[PDB]
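Peer 1: Pasting upload24.cif below, which is mmCIF, C-alpha atoms and all ligand atoms.
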data_query
#
loop_
_atom_site.label_atom_id
_atom_site.label_comp_id
_atom_site.auth_asym_id
_atom_site.auth_seq_id
_atom_site.Cartn_x
_atom_site.Cartn_y
_atom_site.Cartn_z
CA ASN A 1 -7.75 19.71 -10.07
CA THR A 2 -4.83 17.83 -10.46
CA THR A 3 -3.43 14.43 -10.05
CA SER A 4 -0.04 13.84 -8.51
CA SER A 5 1.55 10.56 -7.72
CA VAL A 6 4.14 8.95 -5.62
CA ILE A 7 6.58 6.55 -7.24
CA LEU A 8 7.19 3.79 -4.68
CA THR A 9 10.15 1.45 -4.17
CA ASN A 10 9.52 -2.38 -3.80
CA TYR A 11 11.74 -4.32 -1.43
CA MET A 12 11.44 -7.88 -2.04
CA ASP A 13 7.74 -7.82 -2.48
CA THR A 14 7.32 -7.56 1.21
CA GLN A 15 7.71 -3.82 1.76
CA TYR A 16 6.65 -0.87 -0.38
CA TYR A 17 7.37 2.64 0.66
CA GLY A 18 8.00 6.11 -0.76
CA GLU A 19 9.41 9.56 -0.04
CA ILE A 20 8.08 12.59 1.85
CA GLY A 21 9.82 15.80 2.93
CA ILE A 22 9.26 17.04 6.47
CA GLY A 23 10.39 20.63 7.01
CA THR A 24 11.98 23.71 5.48
CA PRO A 25 14.47 22.93 3.93
CA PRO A 26 13.05 19.45 3.17
CA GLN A 27 14.27 16.66 5.54
CA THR A 28 13.38 13.50 3.39
CA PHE A 29 12.26 10.14 4.88
CA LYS A 30 11.09 6.87 3.39
CA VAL A 31 7.61 5.99 4.69
CA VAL A 32 4.79 3.47 4.18
CA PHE A 33 1.51 4.80 2.96
CA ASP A 34 -0.72 2.75 5.20
CA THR A 35 -4.53 2.45 4.68
CA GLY A 36 -5.04 0.90 8.07
CA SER A 37 -3.93 3.64 10.50
CA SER A 38 -4.12 7.32 10.53
CA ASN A 39 -1.01 9.03 11.86
CA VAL A 40 2.12 10.32 10.15
CA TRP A 41 5.23 9.48 12.21
CA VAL A 42 8.92 9.76 11.70
CA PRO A 43 11.67 8.77 14.24
CA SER A 44 13.17 11.63 16.19
CA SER A 45 16.54 12.89 16.78
CA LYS A 46 15.48 12.66 20.51
CA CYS A 47 15.21 8.86 20.08
CA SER A 48 17.65 7.54 22.51
CA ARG A 49 20.47 5.52 21.15
CA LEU A 50 19.24 2.38 23.12
CA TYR A 51 16.69 1.96 20.31
CA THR A 52 18.73 -0.05 18.01
CA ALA A 53 15.93 0.95 15.60
CA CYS A 54 16.32 4.75 15.96
CA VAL A 55 20.13 4.83 15.68
CA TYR A 56 19.97 2.91 12.34
CA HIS A 57 17.28 5.14 10.59
CA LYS A 58 17.09 8.58 9.05
CA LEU A 59 15.43 10.71 11.78
CA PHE A 60 13.92 14.20 12.18
CA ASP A 61 15.67 17.13 14.16
CA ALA A 62 13.50 20.21 14.31
CA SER A 63 16.46 22.20 15.27
CA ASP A 64 17.05 22.51 11.58
CA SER A 65 13.73 23.96 10.25
CA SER A 66 12.24 27.44 10.00
CA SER A 67 8.65 26.32 9.87
CA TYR A 68 8.59 23.85 12.73
CA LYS A 69 6.13 25.33 15.12
CA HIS A 70 5.25 22.68 17.82
CA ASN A 71 3.00 21.07 20.36
CA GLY A 72 4.35 18.37 22.71
CA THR A 73 1.55 15.86 23.32
CA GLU A 74 2.62 12.38 24.11
CA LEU A 75 0.76 10.03 21.91
CA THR A 76 1.17 6.19 21.89
CA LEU A 77 0.52 4.09 18.73
CA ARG A 78 -0.43 0.63 18.99
CA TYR A 79 -0.08 -0.87 15.63
CA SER A 80 -1.16 -4.53 15.39
CA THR A 81 2.60 -5.28 15.03
CA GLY A 82 4.16 -3.22 17.81
CA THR A 83 3.87 0.01 19.63
CA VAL A 84 5.72 3.14 19.02
CA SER A 85 5.55 6.27 21.04
CA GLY A 86 6.54 9.77 20.84
CA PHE A 87 5.14 13.24 21.04
CA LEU A 88 3.86 15.29 18.15
CA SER A 89 4.90 18.22 16.13
CA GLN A 90 3.98 20.68 13.43
CA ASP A 91 5.68 21.50 10.20
CA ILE A 92 5.15 20.66 6.56
CA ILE A 93 5.11 17.31 4.83
CA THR A 94 5.08 17.59 1.10
CA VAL A 95 3.69 14.22 -0.14
CA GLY A 96 4.45 13.91 -3.86
CA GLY A 97 3.66 17.44 -5.12
CA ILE A 98 1.28 18.73 -2.35
CA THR A 99 2.65 20.70 0.69
CA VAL A 100 0.49 20.87 3.85
CA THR A 101 1.07 21.92 7.44
CA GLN A 102 0.78 18.67 9.33
CA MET A 103 0.83 17.33 12.77
CA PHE A 104 2.99 14.24 12.83
CA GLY A 105 4.24 12.16 15.74
CA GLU A 106 7.98 12.39 16.15
CA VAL A 107 8.56 8.87 17.62
CA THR A 108 11.03 7.83 20.28
CA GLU A 109 10.45 4.53 22.04
CA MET A 110 10.61 2.52 18.87
CA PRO A 111 10.84 -1.16 19.49
CA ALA A 112 13.23 -3.50 17.62
CA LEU A 113 10.89 -6.32 16.48
CA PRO A 114 9.86 -5.37 13.98
CA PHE A 115 11.04 -1.88 13.32
CA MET A 116 14.57 -3.19 13.04
CA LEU A 117 13.60 -5.19 9.94
CA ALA A 118 12.28 -2.14 8.16
CA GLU A 119 13.85 -0.34 5.32
CA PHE A 120 11.29 2.42 5.62
CA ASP A 121 11.50 5.04 8.38
CA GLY A 122 8.08 6.30 9.18
CA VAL A 123 4.49 5.70 8.28
CA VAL A 124 1.94 8.07 6.66
CA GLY A 125 -1.48 6.66 7.44
CA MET A 126 -4.40 7.21 5.05
CA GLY A 127 -7.26 5.91 7.13
CA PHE A 128 -10.13 7.87 8.55
CA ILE A 129 -10.04 10.53 11.34
CA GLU A 130 -12.01 8.00 13.29
CA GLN A 131 -8.67 6.24 14.19
CA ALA A 132 -6.15 9.10 14.14
CA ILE A 133 -4.63 8.65 17.52
CA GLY A 134 -4.72 12.01 18.99
CA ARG A 135 -7.75 12.76 16.78
CA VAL A 136 -5.61 14.80 14.49
CA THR A 137 -6.72 15.62 10.98
CA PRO A 138 -4.85 13.20 8.74
CA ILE A 139 -2.71 13.99 5.76
CA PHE A 140 -5.19 12.87 3.19
CA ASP A 141 -7.99 14.92 4.83
CA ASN A 142 -5.62 17.93 4.69
CA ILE A 143 -4.71 17.52 0.91
CA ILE A 144 -8.37 17.63 0.52
CA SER A 145 -9.03 20.54 3.03
CA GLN A 146 -6.88 22.79 0.70
CA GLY A 147 -8.47 20.59 -1.97
CA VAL A 148 -6.52 20.58 -5.14
CA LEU A 149 -6.98 17.09 -6.30
CA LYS A 150 -9.19 16.02 -9.17
CA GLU A 151 -11.39 13.42 -7.35
CA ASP A 152 -11.00 13.18 -3.59
CA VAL A 153 -9.77 9.59 -3.97
CA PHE A 154 -6.41 7.81 -4.33
CA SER A 155 -5.10 4.49 -5.65
CA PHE A 156 -2.25 2.01 -5.03
CA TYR A 157 -0.25 0.02 -7.61
CA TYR A 158 2.26 -2.43 -6.22
CA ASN A 159 4.46 -3.87 -8.88
CA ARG A 160 5.27 -7.44 -9.07
CA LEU A 161 9.46 1.65 -10.36
CA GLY A 162 8.23 -0.50 -7.51
CA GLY A 163 4.68 0.85 -7.62
CA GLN A 164 2.68 4.03 -7.22
CA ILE A 165 0.19 5.88 -5.40
CA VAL A 166 -1.86 8.35 -7.32
CA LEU A 167 -3.49 11.14 -5.33
CA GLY A 168 -6.74 12.38 -6.72
CA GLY A 169 -7.15 9.70 -9.44
CA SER A 170 -6.17 6.32 -10.89
CA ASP A 171 -3.40 5.90 -13.54
CA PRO A 172 -5.55 3.96 -15.95
CA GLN A 173 -2.45 2.55 -17.62
CA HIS A 174 -1.89 0.28 -14.74
CA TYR A 175 -5.06 -1.82 -14.91
CA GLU A 176 -7.33 -3.75 -17.11
CA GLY A 177 -10.76 -2.32 -17.16
CA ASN A 178 -13.15 -0.84 -14.69
CA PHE A 179 -12.94 -1.14 -11.10
CA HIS A 180 -15.77 -3.02 -9.49
CA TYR A 181 -16.38 -1.36 -6.27
CA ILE A 182 -17.54 -2.28 -2.86
CA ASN A 183 -19.15 0.25 -0.55
CA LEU A 184 -17.89 0.08 3.07
CA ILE A 185 -19.26 -1.74 6.24
CA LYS A 186 -18.25 0.61 9.03
CA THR A 187 -17.37 4.03 7.84
CA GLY A 188 -14.22 5.09 9.63
CA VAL A 189 -12.03 2.06 8.49
CA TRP A 190 -11.05 0.78 4.98
CA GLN A 191 -12.78 -2.47 5.78
CA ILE A 192 -15.15 -4.24 3.33
CA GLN A 193 -17.32 -7.31 3.90
CA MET A 194 -16.05 -10.51 2.51
CA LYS A 195 -18.41 -13.33 2.03
CA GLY A 196 -16.55 -16.58 1.60
CA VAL A 197 -12.99 -17.74 1.02
CA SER A 198 -12.56 -20.58 -1.24
CA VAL A 199 -9.87 -22.91 -2.36
CA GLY A 200 -10.27 -25.01 -5.44
CA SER A 201 -13.80 -24.13 -6.07
CA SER A 202 -15.69 -24.73 -2.82
CA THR A 203 -16.30 -22.25 0.01
CA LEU A 204 -14.23 -23.49 2.87
CA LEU A 205 -13.66 -20.60 4.93
CA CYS A 206 -15.92 -17.65 5.67
CA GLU A 207 -19.46 -18.85 4.66
CA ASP A 208 -21.65 -16.68 6.94
CA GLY A 209 -19.55 -13.60 6.17
CA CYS A 210 -16.37 -12.11 7.57
CA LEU A 211 -14.53 -8.79 7.44
CA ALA A 212 -11.69 -7.63 5.29
CA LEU A 213 -9.33 -4.76 5.99
CA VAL A 214 -7.84 -3.75 2.69
CA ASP A 215 -4.39 -2.68 4.13
CA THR A 216 -1.70 -1.17 1.96
CA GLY A 217 0.51 -1.29 4.88
CA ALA A 218 0.73 -5.07 5.14
CA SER A 219 2.98 -7.52 3.15
CA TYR A 220 0.70 -10.53 2.82
CA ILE A 221 -2.88 -11.66 3.03
CA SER A 222 -3.36 -12.30 6.74
CA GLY A 223 -6.15 -14.16 8.57
CA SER A 224 -6.94 -15.06 12.13
CA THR A 225 -4.76 -17.87 13.47
CA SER A 226 -7.63 -20.40 13.36
CA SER A 227 -8.62 -19.68 9.82
CA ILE A 228 -5.22 -19.62 8.43
CA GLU A 229 -4.55 -22.82 10.30
CA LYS A 230 -7.39 -24.36 8.22
CA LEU A 231 -6.58 -22.46 5.03
CA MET A 232 -3.09 -23.98 4.97
CA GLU A 233 -4.32 -27.41 5.91
CA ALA A 234 -6.49 -27.43 2.65
CA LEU A 235 -3.42 -26.08 0.74
CA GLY A 236 -1.35 -28.77 2.28
CA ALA A 237 1.41 -26.30 3.34
CA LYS A 238 3.64 -26.85 6.40
CA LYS A 239 4.38 -24.58 9.29
CA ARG A 240 7.97 -23.40 9.98
CA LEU A 241 8.51 -20.82 12.63
CA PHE A 242 7.97 -17.47 10.88
CA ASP A 243 5.67 -18.99 8.07
CA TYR A 244 3.84 -21.67 6.33
CA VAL A 245 5.88 -23.09 3.52
CA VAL A 246 5.73 -25.80 0.84
CA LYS A 247 8.47 -27.40 -1.18
CA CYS A 248 9.18 -25.51 -4.26
CA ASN A 249 8.40 -28.24 -6.80
CA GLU A 250 4.82 -28.70 -5.41
CA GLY A 251 4.44 -24.92 -5.87
CA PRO A 252 2.61 -24.82 -9.13
CA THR A 253 0.13 -27.53 -7.98
CA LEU A 254 -1.13 -25.80 -4.72
CA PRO A 255 -4.73 -24.91 -5.56
CA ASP A 256 -6.08 -21.48 -6.05
CA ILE A 257 -7.88 -19.43 -3.50
CA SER A 258 -10.68 -16.97 -4.19
CA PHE A 259 -11.78 -14.14 -1.94
CA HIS A 260 -15.52 -13.46 -2.68
CA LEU A 261 -15.30 -9.71 -2.61
CA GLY A 262 -18.44 -8.01 -3.06
CA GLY A 263 -19.67 -8.97 -6.53
CA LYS A 264 -16.95 -11.10 -8.13
CA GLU A 265 -14.42 -13.72 -7.16
CA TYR A 266 -10.89 -12.55 -6.68
CA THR A 267 -8.87 -15.48 -7.63
CA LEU A 268 -5.23 -15.78 -6.77
CA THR A 269 -3.40 -18.81 -8.42
CA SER A 270 -0.20 -20.19 -6.81
CA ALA A 271 2.07 -17.94 -8.86
CA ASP A 272 0.35 -15.13 -7.03
CA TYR A 273 0.72 -16.24 -3.52
CA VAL A 274 3.81 -18.39 -3.55
CA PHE A 275 7.37 -17.08 -3.59
CA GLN A 276 8.56 -19.43 -6.30
CA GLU A 277 12.24 -18.44 -5.84
CA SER A 278 13.15 -21.81 -7.56
CA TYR A 279 10.76 -24.34 -9.00
CA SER A 280 13.05 -27.15 -7.63
CA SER A 281 12.44 -29.85 -5.11
CA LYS A 282 14.89 -30.11 -2.24
CA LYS A 283 14.39 -26.40 -1.41
CA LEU A 284 11.00 -25.47 -0.16
CA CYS A 285 9.31 -22.19 -0.84
CA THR A 286 7.28 -19.64 1.22
CA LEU A 287 3.62 -18.78 1.07
CA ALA A 288 2.65 -15.17 1.05
CA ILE A 289 -0.22 -15.65 3.60
CA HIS A 290 0.21 -15.23 7.33
CA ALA A 291 -1.76 -15.60 10.55
CA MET A 292 -2.32 -12.28 12.35
CA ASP A 293 -4.99 -11.53 14.98
CA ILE A 294 -5.96 -7.98 14.58
CA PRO A 295 -7.65 -6.90 17.83
CA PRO A 296 -11.08 -5.45 18.34
CA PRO A 297 -12.29 -3.06 17.42
CA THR A 298 -10.81 -2.85 13.88
CA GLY A 299 -10.43 -6.56 13.82
CA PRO A 300 -10.94 -9.58 14.06
CA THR A 301 -10.64 -9.56 10.30
CA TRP A 302 -8.81 -10.90 7.41
CA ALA A 303 -6.51 -8.17 6.04
CA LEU A 304 -5.70 -8.30 2.38
CA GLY A 305 -2.32 -6.68 1.88
CA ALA A 306 0.41 -6.54 -0.77
CA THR A 307 -0.02 -10.20 -1.90
CA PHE A 308 -3.49 -9.08 -2.97
CA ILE A 309 -3.16 -5.39 -4.04
CA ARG A 310 -0.34 -6.78 -6.42
CA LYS A 311 -2.94 -8.70 -8.45
CA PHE A 312 -5.65 -5.97 -8.09
CA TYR A 313 -5.07 -2.26 -8.50
CA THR A 314 -7.04 -0.73 -5.68
CA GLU A 315 -8.82 2.71 -5.72
CA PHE A 316 -9.84 3.88 -2.24
CA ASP A 317 -12.69 6.26 -2.80
CA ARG A 318 -13.24 8.64 0.01
CA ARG A 319 -16.07 10.58 -1.66
CA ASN A 320 -18.53 7.74 -1.43
CA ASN A 321 -17.10 5.07 0.82
CA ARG A 322 -16.16 2.39 -1.66
CA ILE A 323 -12.94 0.51 -2.38
CA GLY A 324 -12.68 -0.69 -5.97
CA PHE A 325 -10.59 -3.44 -7.31
CA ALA A 326 -9.58 -3.71 -10.97
CA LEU A 327 -7.27 -6.30 -12.40
CA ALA A 328 -3.56 -5.66 -12.32
CA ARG A 329 -1.15 -4.64 -15.14
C1 LIG B 1 -3.26 2.30 17.06
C2 LIG B 1 -3.20 2.87 15.61
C3 LIG B 1 -3.18 1.74 14.59
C4 LIG B 1 -4.46 0.93 14.58
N1 LIG B 1 -4.57 0.11 13.39
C5 LIG B 1 -3.72 -0.88 13.16
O1 LIG B 1 -2.94 -1.29 14.01
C6 LIG B 1 -3.79 -1.52 11.83
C7 LIG B 1 -4.87 -2.51 11.95
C8 LIG B 1 -2.50 -2.14 11.34
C9 LIG B 1 -1.45 -1.12 10.83
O2 LIG B 1 -2.03 -0.33 9.79
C10 LIG B 1 -0.27 -1.71 10.08
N2 LIG B 1 -0.62 -1.84 8.69
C11 LIG B 1 0.85 -0.78 10.28
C12 LIG B 1 2.03 -0.95 9.38
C13 LIG B 1 3.06 0.16 9.73
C14 LIG B 1 2.56 -2.33 9.55
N3 LIG B 1 3.98 -2.24 9.29
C15 LIG B 1 4.81 -2.90 10.04
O3 LIG B 1 4.35 -3.42 11.04
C16 LIG B 1 6.04 -3.37 9.53
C17 LIG B 1 7.16 -3.38 10.31
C18 LIG B 1 8.37 -3.85 9.84
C19 LIG B 1 8.47 -4.32 8.57
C20 LIG B 1 7.36 -4.30 7.78
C21 LIG B 1 6.14 -3.84 8.23
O4 LIG B 1 5.17 -3.74 7.24
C22 LIG B 1 5.38 -2.90 6.12
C23 LIG B 1 4.74 -3.40 4.84
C24 LIG B 1 4.85 -2.18 3.96
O5 LIG B 1 4.90 -2.62 2.63
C25 LIG B 1 3.68 -2.10 2.14
#
Could you rewrite the structure in this file as structure tokens?
Ligand SMILES: CCCCNC(=O)[C@H](C)C[C@H](O)[C@@H](N)C[C@@H](C)CNC(=O)c1ccccc1OCCCOC
Peer 2:
Amino acid sequence: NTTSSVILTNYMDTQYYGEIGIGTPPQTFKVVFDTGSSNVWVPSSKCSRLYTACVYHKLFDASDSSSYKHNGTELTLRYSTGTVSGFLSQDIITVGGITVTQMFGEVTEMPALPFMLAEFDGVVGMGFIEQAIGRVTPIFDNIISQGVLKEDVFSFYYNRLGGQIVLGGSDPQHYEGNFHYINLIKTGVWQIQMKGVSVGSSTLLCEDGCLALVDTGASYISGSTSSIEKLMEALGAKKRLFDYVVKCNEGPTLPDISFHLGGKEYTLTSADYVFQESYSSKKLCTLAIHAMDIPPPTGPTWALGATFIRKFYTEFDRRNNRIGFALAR
């Protein structure tokens, strides 16, 4: 009854990831600890060269590890941003301190957009067994089957060390006072119910309730293409191919937005959601909010990612199905 923790790296506020070690001797890999999926996956040595992705990433080759026993099931993972596909294997992942014998997919068809823009290599999901493709007991549920942790919970800090995950606890030197929690909606997904999105100080989006996937594996707040299309229109931002945008001098006047989450209002001012890489006019800055249409059944939902976890430290509490936000630091 212990509390370990993963130091995480921050790349440009859009990508936070960490280290695990698959295999004996350890084969390291950078991975994203994702609360919105539930598989572990690392590119394979079998990943044919044609995947511009696979050739440019660190990749697993069982060949070198005493403990790799194996199974060969094809599994196919349909993340909301692409698909990846490979078979799955057995061996040990040690995730920051804890070693466990895990099933992970070794991927192979691994599509360029977007895996070619990713500094990480794999993904370690931390969602419920309800969406483990292949219905395979997920890494968090194994740290807890050989249960060593203090509380069977974990929390994410994403810095503005790039950030940290704490297994079994909450480093209470990275937040200001007491998480307020929110019990779940479904069980099976880290999704909470959001009742009302506001800008300025009037509810403009989401008045008869909407859903919210809290997703550590996402860079920005995302919303369905309609709703973001109106969110931006009240912010006055402008579209430009990959993202809404507004010219850097107007930055500190774009109004604040407040996600009504559970009991209090999570307010994000423009310094929080705008990449003020220059307060000047003439260049025009990016907004950290994006349209994404997550498909049924998890979605259609807003998904609050890194733009949000960065202002609120987030504790995901398995034991009694609550997520709990507490102000940053
Ligand atoms: C079919 C199994 C998955 C079903 N669930 C889902 O698809 C979720 C709703 C979404 C999923 O959790 C995503 N969060 C997955 C995550 C790996 C998304 N990452 C990427 O798409 C990605 C790719 C390239 C570059 C960046 C990306 O995001 C990484 C952001 C990490 O910084 C925290």
Peer 1: List as a ChimeraX atom specification the protein and nucleic acid residues lying within 8 Å of ligand LIG 1 (chain B), with all atoms listed in the file counted.
Peer 2: /A:10,13-17,32-39,76-83,113-120,122-123,125,131-133,213,215-219,294-295,298-299,305-306
Peer 1: Quick one: of A:274, A:297, A:229, A:134, who's nearest to residue A:211, counting only C-alpha atoms?
Peer 2: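 Under the stated criterion, the closest residue is A:297.
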Peer 1: Excluding residue A:154 and any residue of its chain fewer than 6 positions from it, enumerate the residues within 6 Å of it, using only C-alpha atoms, and give them as a PyMOL selection string.
Peer 2: chain A and resi 166-169+315-316
Peer 1: I'd like the neighbourhood of stretch 170-178 of chain A as a list in words, where a residue qualifies if any of its atoms comes within 7 Å (using all atoms listed in the file), though same-chain residues fewer than 5 positions away should be ignored.
Peer 2: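 Here the answer would be residues 154, 155, 313, 315, 326, 327, 328 and 329 of chain A.
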Peer 1: Looking at A:107, A:206, A:136, A:8, which one is nearest to residue A:164, with distances taken over only C-alpha atoms?
Peer 2: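 Using only C-alpha atoms, the shortest distance to residue A:164 belongs to A:8.
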Peer 1: Rebuild stretch 202-233 of chain A to N, CA and C atoms - output it as a PDB file, in the coordinates of the input, please.
Peer 2:
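In the end it all went to out03.pdb:
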ATOM      1  N   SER A 202     -14.660 -24.516  -3.800  1.00  0.00           N
ATOM      2  CA  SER A 202     -15.690 -24.730  -2.820  1.00  0.00           C
ATOM      3  C   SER A 202     -15.434 -23.864  -1.610  1.00  0.00           C
ATOM      4  N   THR A 203     -16.445 -23.172  -1.100  1.00  0.00           N
ATOM      5  CA  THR A 203     -16.300 -22.250   0.010  1.00  0.00           C
ATOM      6  C   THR A 203     -15.983 -22.977   1.286  1.00  0.00           C
ATOM      7  N   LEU A 204     -14.802 -22.688   1.814  1.00  0.00           N
ATOM      8  CA  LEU A 204     -14.230 -23.490   2.870  1.00  0.00           C
ATOM      9  C   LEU A 204     -13.931 -22.727   4.080  1.00  0.00           C
ATOM     10  N   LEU A 205     -14.015 -21.457   3.856  1.00  0.00           N
ATOM     11  CA  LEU A 205     -13.660 -20.600   4.930  1.00  0.00           C
ATOM     12  C   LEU A 205     -14.575 -19.434   4.677  1.00  0.00           C
ATOM     13  N   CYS A 206     -15.066 -18.836   5.758  1.00  0.00           N
ATOM     14  CA  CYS A 206     -15.920 -17.650   5.670  1.00  0.00           C
ATOM     15  C   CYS A 206     -17.335 -17.781   5.053  1.00  0.00           C
ATOM     16  N   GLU A 207     -18.156 -18.799   5.338  1.00  0.00           N
ATOM     17  CA  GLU A 207     -19.460 -18.850   4.660  1.00  0.00           C
ATOM     18  C   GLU A 207     -20.518 -17.935   5.236  1.00  0.00           C
ATOM     19  N   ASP A 208     -20.621 -17.635   6.523  1.00  0.00           N
ATOM     20  CA  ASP A 208     -21.650 -16.680   6.940  1.00  0.00           C
ATOM     21  C   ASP A 208     -21.018 -15.290   7.140  1.00  0.00           C
ATOM     22  N   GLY A 209     -20.198 -14.903   6.180  1.00  0.00           N
ATOM     23  CA  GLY A 209     -19.550 -13.600   6.170  1.00  0.00           C
ATOM     24  C   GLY A 209     -18.457 -13.345   7.188  1.00  0.00           C
ATOM     25  N   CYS A 210     -17.453 -12.570   6.720  1.00  0.00           N
ATOM     26  CA  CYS A 210     -16.370 -12.110   7.570  1.00  0.00           C
ATOM     27  C   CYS A 210     -15.810 -10.776   7.107  1.00  0.00           C
ATOM     28  N   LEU A 211     -14.939 -10.120   7.850  1.00  0.00           N
ATOM     29  CA  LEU A 211     -14.530  -8.790   7.440  1.00  0.00           C
ATOM     30  C   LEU A 211     -13.176  -8.729   6.753  1.00  0.00           C
ATOM     31  N   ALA A 212     -12.880  -7.640   6.061  1.00  0.00           N
ATOM     32  CA  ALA A 212     -11.690  -7.630   5.290  1.00  0.00           C
ATOM     33  C   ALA A 212     -10.998  -6.311   5.334  1.00  0.00           C
ATOM     34  N   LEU A 213      -9.870  -6.093   5.995  1.00  0.00           N
ATOM     35  CA  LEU A 213      -9.330  -4.760   5.990  1.00  0.00           C
ATOM     36  C   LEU A 213      -8.495  -4.690   4.762  1.00  0.00           C
ATOM     37  N   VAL A 214      -8.720  -3.797   3.842  1.00  0.00           N
ATOM     38  CA  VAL A 214      -7.840  -3.750   2.690  1.00  0.00           C
ATOM     39  C   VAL A 214      -6.657  -2.984   3.235  1.00  0.00           C
ATOM     40  N   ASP A 215      -5.414  -3.458   3.422  1.00  0.00           N
ATOM     41  CA  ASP A 215      -4.390  -2.680   4.130  1.00  0.00           C
ATOM     42  C   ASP A 215      -3.096  -2.501   3.418  1.00  0.00           C
ATOM     43  N   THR A 216      -2.889  -1.400   2.735  1.00  0.00           N
ATOM     44  CA  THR A 216      -1.700  -1.170   1.960  1.00  0.00           C
ATOM     45  C   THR A 216      -0.438  -1.254   2.746  1.00  0.00           C
ATOM     46  N   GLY A 217      -0.612  -1.150   4.034  1.00  0.00           N
ATOM     47  CA  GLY A 217       0.510  -1.290   4.880  1.00  0.00           C
ATOM     48  C   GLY A 217       0.516  -2.685   5.436  1.00  0.00           C
ATOM     49  N   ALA A 218       0.516  -3.733   4.634  1.00  0.00           N
ATOM     50  CA  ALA A 218       0.730  -5.070   5.140  1.00  0.00           C
ATOM     51  C   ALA A 218       1.412  -5.968   4.071  1.00  0.00           C
ATOM     52  N   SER A 219       2.373  -6.846   4.275  1.00  0.00           N
ATOM     53  CA  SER A 219       2.980  -7.520   3.150  1.00  0.00           C
ATOM     54  C   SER A 219       2.183  -8.647   2.587  1.00  0.00           C
ATOM     55  N   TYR A 220       1.272  -9.301   3.315  1.00  0.00           N
ATOM     56  CA  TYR A 220       0.700 -10.530   2.820  1.00  0.00           C
ATOM     57  C   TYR A 220      -0.772 -10.567   3.064  1.00  0.00           C
ATOM     58  N   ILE A 221      -1.513 -11.524   2.594  1.00  0.00           N
ATOM     59  CA  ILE A 221      -2.880 -11.660   3.030  1.00  0.00           C
ATOM     60  C   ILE A 221      -2.733 -12.174   4.447  1.00  0.00           C
ATOM     61  N   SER A 222      -3.518 -11.766   5.410  1.00  0.00           N
ATOM     62  CA  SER A 222      -3.360 -12.300   6.740  1.00  0.00           C
ATOM     63  C   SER A 222      -4.743 -12.716   7.144  1.00  0.00           C
ATOM     64  N   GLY A 223      -4.879 -13.628   8.093  1.00  0.00           N
ATOM     65  CA  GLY A 223      -6.150 -14.160   8.570  1.00  0.00           C
ATOM     66  C   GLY A 223      -6.036 -14.509  10.054  1.00  0.00           C
ATOM     67  N   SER A 224      -7.093 -14.830  10.736  1.00  0.00           N
ATOM     68  CA  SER A 224      -6.940 -15.060  12.130  1.00  0.00           C
ATOM     69  C   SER A 224      -6.246 -16.381  12.301  1.00  0.00           C
ATOM     70  N   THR A 225      -5.452 -16.598  13.338  1.00  0.00           N
ATOM     71  CA  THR A 225      -4.760 -17.870  13.470  1.00  0.00           C
ATOM     72  C   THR A 225      -5.592 -19.114  13.283  1.00  0.00           C
ATOM     73  N   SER A 226      -6.852 -19.201  13.662  1.00  0.00           N
ATOM     74  CA  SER A 226      -7.630 -20.400  13.360  1.00  0.00           C
ATOM     75  C   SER A 226      -7.731 -20.522  11.879  1.00  0.00           C
ATOM     76  N   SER A 227      -8.329 -19.561  11.229  1.00  0.00           N
ATOM     77  CA  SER A 227      -8.620 -19.680   9.820  1.00  0.00           C
ATOM     78  C   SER A 227      -7.445 -19.913   8.930  1.00  0.00           C
ATOM     79  N   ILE A 228      -6.306 -19.363   9.298  1.00  0.00           N
ATOM     80  CA  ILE A 228      -5.220 -19.620   8.430  1.00  0.00           C
ATOM     81  C   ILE A 228      -4.869 -21.019   8.734  1.00  0.00           C
ATOM     82  N   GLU A 229      -4.915 -21.453   9.988  1.00  0.00           N
ATOM     83  CA  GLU A 229      -4.550 -22.820  10.300  1.00  0.00           C
ATOM     84  C   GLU A 229      -5.436 -23.658   9.419  1.00  0.00           C
ATOM     85  N   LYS A 230      -6.719 -23.426   9.144  1.00  0.00           N
ATOM     86  CA  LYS A 230      -7.390 -24.360   8.220  1.00  0.00           C
ATOM     87  C   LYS A 230      -7.062 -24.004   6.798  1.00  0.00           C
ATOM     88  N   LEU A 231      -6.719 -22.773   6.435  1.00  0.00           N
ATOM     89  CA  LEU A 231      -6.580 -22.460   5.030  1.00  0.00           C
ATOM     90  C   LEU A 231      -5.442 -23.313   4.600  1.00  0.00           C
ATOM     91  N   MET A 232      -4.321 -23.309   5.357  1.00  0.00           N
ATOM     92  CA  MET A 232      -3.090 -23.980   4.970  1.00  0.00           C
ATOM     93  C   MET A 232      -3.316 -25.475   4.921  1.00  0.00           C
ATOM     94  N   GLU A 233      -4.054 -26.002   5.879  1.00  0.00           N
ATOM     95  CA  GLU A 233      -4.320 -27.410   5.910  1.00  0.00           C
ATOM     96  C   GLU A 233      -5.007 -27.732   4.567  1.00  0.00           C
TER      97      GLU A 233
END
